[PDB]
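Let's start with one chain on its own, the form deposited in one PDB entry, as structure tokens.
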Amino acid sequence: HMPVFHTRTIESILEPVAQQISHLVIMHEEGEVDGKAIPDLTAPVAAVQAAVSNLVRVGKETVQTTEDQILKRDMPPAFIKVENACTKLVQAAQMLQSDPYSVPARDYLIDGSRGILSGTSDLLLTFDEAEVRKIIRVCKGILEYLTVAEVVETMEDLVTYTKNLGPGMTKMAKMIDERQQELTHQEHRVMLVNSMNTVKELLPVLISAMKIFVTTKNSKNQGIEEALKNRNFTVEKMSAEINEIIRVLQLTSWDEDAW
């Protein structure tokens, strides 16, 4: 009970039935709901059976398309779970069909419904993790390029650097913004927003520092030490914030084989 919904999307999908089931689990250990005859679900159940097959199909396709190795190994197991719990639901239906007061058939409905719900969540979680894993890479990439900042000594380089980092800094910003907007734990969202913003505010600051540097370089006018410090400090603080973001992201999207 009370799942770990990470994004609003998933929750808006699982929350409904997750409740219809939780409100029912309470109707067993302390109530044992049993009496009302259940009309043949040969139809309604069919509705789920069909959607389950469709789901499984898409997942099998998602595996072929995907490149993430964890997904190719985590999803397949989920397919079965949703398919297995579904055969149970379908059976529990024909059971009630012949006998609407069958108690055992009532059990098949619950166990099968929770199985389908759990099998689904696992599928969505896996997928989400892969998505997040895509962001971490992008983040790890920006981190790396910030390292090259200390190699730029000419305006020609500075121009190059800016044209490469800028686009990157945008993709990450886009991914981060589109991420926090889905997060459900207001706690993690604050860290992401503040971090990303701080990083966006430092970029222009980084460039300027580098510019001032390359300017002092080819110029009789001494005073270049303090320039390297500001540039270096920016990278350091920027890097800190990015490492912060990565971490917050890995809190739930991490697996033993994260390669």
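In this text, rigid core is short for the largest set of C-alphas that superpose within 1.5 Å between two forms. Residue numbers run from 1 along the displayed sequence.
Missing here is the form deposited in another entry; even so, the following discussion is about that form.
Hey, does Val45 budge by 2 Å or more at the Cα between the shown form and the other one once the core is superposed?
-> Where the cores coincide, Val45 still shows a C-alpha shift between the shown form and the other one that is 2 Å or more.
Residue shift check between the shown form and the other one, rigid core fit, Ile246 Cα at least 2 Å | The answer is no, as the C-alpha of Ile246 shifts between the shown form and the other one by less than 2 Å after core alignment.
Quick one: once the rigid core is lined up, does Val190 have its C-alpha move by 2 Å or more between the shown form and the other one?
-> Not so; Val190 is displaced by less than 2 Å.
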